[PDB]
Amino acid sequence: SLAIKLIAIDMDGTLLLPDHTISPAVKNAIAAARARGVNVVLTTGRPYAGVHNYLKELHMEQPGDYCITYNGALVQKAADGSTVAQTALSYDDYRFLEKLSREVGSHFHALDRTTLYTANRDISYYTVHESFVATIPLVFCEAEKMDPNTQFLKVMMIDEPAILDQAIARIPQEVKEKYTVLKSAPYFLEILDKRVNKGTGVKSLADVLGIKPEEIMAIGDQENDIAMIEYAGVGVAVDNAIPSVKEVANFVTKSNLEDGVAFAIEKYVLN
């Protein structure tokens, strides 16, 4: 066996309590693993705007600290947010997916490196949620007035769960082949370029750093975490994970409410 050198950790439902804080147990386990030289990388659907305050809270400011944001469409240096890898959707892909959302009956919003956009005039509660909780500015703009050179890192279909699940059932299987289409919560569907996901993001960084899959632990809760939990040598699901994520995990740890991230770090790293 090999020791763990990198821990990839999802944020919502996994690192963070429901009030969006990091418990003292989880902050102390992450500090103990980084004091030993183990690299810890927050690996999330969120935009960077929703990550950089937590990087500073976790003292992820050293030259060898990274984060993976926008569901793997962006890999960054944590000290200053600079880009290490990017793959964006095109403008034609934005217009196709914006129209698809109106056919299948879901609200929709798009993100670039700094801003959250929607063409919905009745703005979903879950677009206000993303703007407020991920601390990212919100701009209303009609689809046909969007700048065609916007750099579309990810888009999302967001809605009440019953509306979003009805919408998912109406998406043709071809679209699910053409793009990365994965839920991150009952009310969020993440959509990005098919070349990128959290698994590709973790593998990109592991190859930059000379770290084998065997030396990686990944921790998550929802459908958009399955590929990184399968790629890692130690794939971990919190107890509040959906069933399909527990199925592919090596280990099911405690819920986020009971500090499952700290318990996993103690099991595979600190002990």
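Just count from 1 along the sequence shown to find any residue number.
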Of 123-131 vs 170-178, the stretch with the larger average CA B-factor in the entry is 170-178
For 7-15 versus 20-28, entry-based mean Cα B-factors point to 20-28
Per the deposited B-factor column, the C-alpha that peaks among 95, 154, 107, 195 belongs to 195
Note to self: of 243, 220, 45, 50, the C-alpha temperature factor tops out at 243
The third of the chain into which the C-alpha temperature factor of residue 112 falls is the lowest
Of the three thirds of Cα B-factor ranks in this chain, residue 103 occupies the middle
For residue 39, the third of its chain by CA B-factor is the middle
Temperature factor at the Cα of residue 224, chain-ranked in thirds, falls in the middle
So, residue 79's CA B-factor, relative to its chain, sits in which third? The highest
